[PDB]
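For reference, the structure is listed below as structure tokens.
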Amino acid sequence: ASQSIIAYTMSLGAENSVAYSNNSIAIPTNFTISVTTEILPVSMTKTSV
Amino acid sequence: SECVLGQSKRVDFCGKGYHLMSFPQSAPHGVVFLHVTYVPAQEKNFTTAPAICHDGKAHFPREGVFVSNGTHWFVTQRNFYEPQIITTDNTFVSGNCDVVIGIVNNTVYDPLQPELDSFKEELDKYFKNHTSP
Amino acid sequence: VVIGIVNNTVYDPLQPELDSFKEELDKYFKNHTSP
Amino acid sequence: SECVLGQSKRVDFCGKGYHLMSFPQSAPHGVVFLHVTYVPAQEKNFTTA
Amino acid sequence: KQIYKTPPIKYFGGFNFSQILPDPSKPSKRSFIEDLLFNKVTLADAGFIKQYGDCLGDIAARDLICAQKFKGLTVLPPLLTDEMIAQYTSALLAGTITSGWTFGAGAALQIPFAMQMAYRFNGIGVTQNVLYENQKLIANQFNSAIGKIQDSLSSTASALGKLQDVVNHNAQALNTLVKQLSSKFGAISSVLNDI
Ligand SMILES: *[C@@H]1O[C@H](CO)[C@@H](O[C@@H]2O[C@H](CO)[C@@H](O[C@H]3O[C@H](CO)[C@@H](O)[C@H](O)[C@@H]3O)[C@H](O)[C@H]2NC(C)=O)[C@H](O)[C@H]1NC(C)=O
Ligand SMILES: *[C@@H]1O[C@H](CO)[C@@H](O[C@@H]2O[C@H](CO)[C@@H](O[C@H]3O[C@H](CO)[C@@H](O)[C@H](O)[C@@H]3O)[C@H](O)[C@H]2NC(C)=O)[C@H](O)[C@H]1NC(C)=O
Ligand SMILES: *[C@@H]1O[C@H](CO)[C@@H](O[C@@H]2O[C@H](CO)[C@@H](O[C@H]3O[C@H](CO)[C@@H](O)[C@H](O)[C@@H]3O)[C@H](O)[C@H]2NC(C)=O)[C@H](O)[C@H]1NC(C)=O
Ligand SMILES: *[C@@H]1O[C@H](CO[C@@H]2O[C@@H](C)[C@@H](O)[C@@H](O)[C@@H]2O)[C@@H](O[C@@H]2O[C@H](CO)[C@@H](O)[C@H](O)[C@H]2NC(C)=O)[C@H](O)[C@H]1NC(C)=O
Ligand SMILES: *[C@@H]1O[C@H](CO[C@@H]2O[C@@H](C)[C@@H](O)[C@@H](O)[C@@H]2O)[C@@H](O[C@@H]2O[C@H](CO)[C@@H](O)[C@H](O)[C@H]2NC(C)=O)[C@H](O)[C@H]1NC(C)=O
Ligand SMILES: *[C@@H]1O[C@H](CO)[C@@H](O[C@@H]2O[C@H](CO)[C@@H](O)[C@H](O)[C@H]2NC(C)=O)[C@H](O)[C@H]1NC(C)=O
Ligand SMILES: *[C@@H]1O[C@H](CO)[C@@H](O[C@@H]2O[C@H](CO)[C@@H](O)[C@H](O)[C@H]2NC(C)=O)[C@H](O)[C@H]1NC(C)=O
Ligand SMILES: *[C@@H]1O[C@H](CO)[C@@H](O)[C@H](O)[C@H]1NC(C)=O
Ligand SMILES: *[C@@H]1O[C@H](CO)[C@@H](O)[C@H](O)[C@H]1NC(C)=O
Ligand SMILES: *[C@@H]1O[C@H](CO)[C@@H](O)[C@H](O)[C@H]1NC(C)=O
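Chains as they are written, first to last, in this note's numbering: chain Y, 7 to 55; chain E, 649 to 781; chain D, -9 to 25; chain A, 0 to 48; chain X, 248 to 442.
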């Protein structure tokens, strides 16, 4: 095997249909506390000429 | 203001999940937020109903939702499976069961009932022993 | 202490139970006066 | 994020009325949001205390 | 992150989403209200293959796009096609009507649509029995309001003026940037070979 440039139509996500019905519900029986980093600029360098 | 000094109900404003709290950390020219979020992880199917019919009267959850494991009916909170036995203190009444589409038949328990009934057995065992003189 | 408060009855849903339990009691007492 | 993936208590942000839900629709260079809002319609007077 | 889909049984407690959901029979997969919106904003091209074999000839005498191209002003295509954006919008819609908000927070969790609307009514401080006692009226009134929207977008173009004026501003800026080559800037000639 070897490496090269391929090209492809991009995938949007996994195809994932849902078990909907007019009398069924899914309820979570357990949970995960998650921690996620979000980063924002607040300043840039002050500059003079 | 809304993720560190507070708690946010704005969906995906303080990261994905439901917002618990967030911690600021400084970085060069910016800020990092460590958002903490509750994420509903493992799920199980249940049958469900909009209402219960009991005494012809239709019943709804005060808070939470109705579910069945297939043989018995429970109220449970919308975001986490903890089942409770369907009492008059879990639910409230309106109209009658002609009006609600998809309504189902189950008993609704009354926590006043054994507390008077066991007092009826006390009242009776005294009335009967009071026949002895 | 409340400005504009008004008089009306407030219903008690335990009251017709203990009233029905009074009539149930007194019918027993009438029964035990009977023989 | 706040009118499609949720329900928002924020006044006017998802149309006139109390917000229920909204549906996104795509357009050339844009998005169209069809917001559904609960609007009070036939009021009567009452005395209150 | 997932692409959700509507189930084969299109029933949602009497709510009629069929005007805003996809149509599997159509070659462009967009909704009926999307097919309205895509006729209401008229474009200064999408960068699609203006191949010389198209407009080396009479076309560029009456086509501002080939005239701009000969001056090196060109439009690049978007990375996401209008069918890709329809698939994302279809997933957001299928997520909403089948799963409520839970598809935002984590995995999608199915709920019956009339119980989703109840959860919502509690959200506006109206107690959930007021939905179920009126579910036929609420649905027929929603279905009527989605009707008003369709007819409103059938009647006029003027409402989409907010997306059209973005398209018109880029068209006007490039047509100006062409006209600016007419200027002499005080030189003997506008056209460079005449120097
Ligand atoms: C649905 O949830 C129900 C509650 O968890 C469950 O029913 C309960 O099952 C246990 C046994 O598995 C019963 O326990 C009793 O068993 C005998 C006979 O009654 C007694 O001798 C024992 O002392 C003990 O009390 C519970 O009483 C029973 N609850 C009810 C309301 O009857 C069902 O099994 C679950 N069904 C499914 C489909 O998962
Ligand atoms: C939920 O529980 C209800 C109470 O048991 C039950 O209602 C009962 O349904 C039967 C069948 O339709 C009715 O039977 C009578 O119907 C007519 C009179 O309307 C007569 O001509 C028949 O001979 C027969 O006697 C009961 O009268 C009716 N009772 C009430 C109070 O409405 C529902 O059917 C149950 N539903 C489910 C899905 O379990
Ligand atoms: C709401 O209900 C209250 C209870 O019935 C009622 O209060 C009662 O009002 C009368 C008249 O003001 C008082 O009568 C007394 O008035 C003075 C002393 O306060 C004396 O000159 C009289 O002889 C007499 O004793 C009651 O004492 C008073 N009771 C209480 C508990 O305050 C209100 O007036 C009612 N208000 C309305 C607007 O409905
Ligand atoms: C929840 O249930 C759905 C379907 O309901 C059940 O489907 C049967 C298998 C059986 O359990 C019946 O009592 C119910 O009617 C599940 O959906 C299925 O998912 C699998 C993949 O996991 C797929 O191959 C099937 O074709 C799906 N069928 C249907 C009807 O949806 C779903 O997986 C269940 N989820 C959980 C967490 O249990
Ligand atoms: C709510 O009531 C107000 C005024 O109170 C009423 O006044 C009398 C007419 C009598 O019916 C009382 O028992 C009521 O308490 C209404 O305001 C008036 O509306 C009329 C037209 O209907 C108008 O000519 C007056 O100018 C209005 N008065 C004021 C002070 O603006 C009001 O319209 C009622 N609301 C509804 C929904 O009917
Ligand atoms: C959902 O609403 C649409 C209209 O917005 C209904 O579609 C119309 O149905 C009638 C009767 O079959 C036709 O004459 C129209 O030409 C249809 N219009 C379109 C755009 O197809 C649709 O039937 C409704 N759904 C339900 C279940 O009633
Ligand atoms: C609430 O308002 C709606 C209209 O917005 C009323 O519904 C209409 O009622 C008339 C008779 O009064 C019917 O002819 C119409 O067909 C109904 N329209 C719909 C969409 O169903 C409704 O009656 C009002 N209800 C109350 C309690 O006032
Ligand atoms: C839902 O109920 C309707 C009738 O209101 C019925 O036609 C349909 O087959 C049911 N579907 C499911 C998946 O329960
Ligand atoms: C029966 O009544 C007598 C008094 O007459 C009392 O001593 C006895 O404890 C009573 N027993 C019961 C079971 O009520
Ligand atoms: C008193 O109660 C008995 C049952 O313990 C009942 O059979 C009888 O009819 C009652 N007596 C009268 C006079 O009602």
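Quick reminder that beta carbons are idealized off the backbone N, C-alpha and C, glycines included.
Checklist entry - Hey, X/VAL288 and A/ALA26 are a contact pair by Cβ (cut 8 angstroms); roughly how many whole angstroms apart? => result 6 angstroms
Item to check | A/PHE22 at chain X interface by Cβ criterion, 8 angstroms | outcome: yes
Item to check | Per DSSP, cross-strand counterpart(s) of X/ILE393 | outcome: None, per the DSSP bridge assignment.
Checklist entry - Smallest Cα separation from E/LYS657: which of A/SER0, A/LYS15, A/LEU33 and A/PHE22? => result A/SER0
Checklist entry - Quick one: complete beta strand (DSSP E) runs, 3+ long, within the stretch 0 to 34 of chain A? => result 17 to 26
Item to check | Neighbouring residues, chain X, relative to Y/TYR26 (Cβ below 7 angstroms) | outcome: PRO254, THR345 and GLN357
Checklist entry - How long is the line joining the alpha carbons of X/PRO359 and X/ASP329, rounded to whole angstroms? => result Between X/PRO359 and X/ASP329, the C-alpha separation is close to 31 angstroms.
Checklist entry - According to DSSP, which residues form a beta bridge with E/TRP721? => result E/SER716
Checklist entry - For ligand 4, which residues count as neighbours when the test is a C-beta closer than 5 angstroms to any heavy atom? => result Y/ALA25 and E/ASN693
Item to check | Contact list for the stretch 11 to 42 of chain Y against chain E, Cβ threshold 8 angstroms | outcome: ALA25, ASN28, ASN29, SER30, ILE31, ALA32, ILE33, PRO34, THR35, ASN36, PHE37, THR38, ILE39, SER40, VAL41 and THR42
Item to check | Burial state of X/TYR299, where buried means 16 or more other Cβ atoms lie within 10 Å | outcome: Residue burial is scored here from C-beta neighbours: X/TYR299 has fewer than 16 other C-beta atoms within 10 angstroms and is therefore classed as exposed.
Checklist entry - Looking only at C-alpha atoms, which of X/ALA365, X/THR403, X/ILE332 and X/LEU407 sits nearest to X/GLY347? => result X/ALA365
Checklist entry - Taking X/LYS248 as the reference, which of Y/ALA20, Y/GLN9, Y/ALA13 and Y/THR43 has the closest Cα? => result Comparing Cα positions, the closest option is Y/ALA20.
Item to check | Residue-level contact to chain D via CB, E/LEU771, 8 angstroms cutoff | outcome: Yes, because at least one Cβ of chain D sits closer than 8 angstroms to the Cβ of E/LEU771.
Item to check | Any chain A beta carbon closer than 8 angstroms to E/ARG726 | outcome: no
Next on the checklist: When you compare the CB of E/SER742 with every CB in chain X, is at least one pair closer than 8 angstroms?
Outcome noted: True, the Cβ-Cβ gap to chain X drops below 8 angstroms.
Item to check | Euclidean distance between Cα positions of E/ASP737 and D/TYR1 | outcome: 17 angstroms
Checklist entry - Is there at least one Cβ from chain E nearer than 8 angstroms to Y/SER54's Cβ? => result no
Next on the checklist: Determine, for A/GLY5, whether the minimum Cβ-Cβ distance to residues of chain E falls below 8 angstroms.
Outcome noted: Yes, A/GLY5 lies at the interface with chain E (some Cβ there is under 8 angstroms from its Cβ).
Next on the checklist: Is there a Cβ of chain Y sitting closer than 8 angstroms to that of X/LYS248, yes or no?
Outcome noted: yes
Next on the checklist: Given 7 angstroms as the limit, tell me if E/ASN777 has its C-beta closer than that to any heavy atom belonging to ligand 9.
Outcome noted: yes
Checklist entry - Of all Cβ atoms in chain Y, is any one closer than 8 angstroms to the Cβ of X/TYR258? => result yes
Next on the checklist: Less than 8 angstroms between C-beta atoms, sequence neighbours within five positions excluded: which residues of the same chain meet that for E/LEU668?
Outcome noted: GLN655, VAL684, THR685 and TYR686
Checklist entry - Looking only at its own chain, which residues have a Cβ that is under 7 angstroms from the Cβ of X/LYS257, when we skip the five neighbours before and after it? => result Closer than 7 angstroms at Cβ, skipping near neighbours: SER265.
Item to check | Cβ of X/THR321 within 8 angstroms of any chain E Cβ | outcome: It does not: the Cβ of X/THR321 has no partner Cβ on chain E nearer than 8 angstroms.
Next on the checklist: With distance defined between alpha-carbon atoms, name the residue in X/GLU380, X/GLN334 and X/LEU320 nearest to X/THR423.
Outcome noted: X/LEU320
Checklist entry - Thinking C-beta only, is E/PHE661 closer than 8 angstroms to E/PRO672? => result No, the Cβ-Cβ distance between E/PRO672 and E/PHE661 is not below 8 angstroms.
Next on the checklist: Assuming X/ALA293 and X/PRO324 are in contact, meaning their beta carbons sit under 8 angstroms apart, how far apart are those beta carbons, in whole angstroms?
Outcome noted: About 6 angstroms separates the Cβ atoms of X/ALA293 and X/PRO324, confirming a contact at the 8 angstroms cut-off.
Item to check | Near ligand 9: E/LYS773 beta-carbon under 7 angstroms from a heavy atom | outcome: yes
Checklist entry - Are E/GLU691 and Y/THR38 closer than 8 angstroms when you measure CB to CB? => result no
Next on the checklist: Please identify the residue among X/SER405, X/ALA361 and X/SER399 whose C-alpha is closest to the C-alpha of X/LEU384.
Outcome noted: X/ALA361
Checklist entry - Quick one: is X/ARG309 buried, meaning 16 or more other Cβ sit within 10 Å of its Cβ, or exposed? => result exposed
Checklist entry - In chain E, what lies closer than 9 angstroms to D/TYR18 by C-beta? => result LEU771, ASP772 and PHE775
Checklist entry - Who are E/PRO731's beta bridge partners in DSSP? => result E/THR724
Next on the checklist: Checking the sheet assignment: what are the DSSP bridge partners for X/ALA361?
Outcome noted: For X/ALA361, which the question treats as bridged, DSSP gives no partner whatsoever.
Next on the checklist: Along the chain, where does the beta strand (DSSP E) containing X/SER436 start, and where does it finish?
Outcome noted: No beta strand (DSSP E) holds X/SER436; DSSP gives it neither H nor E.
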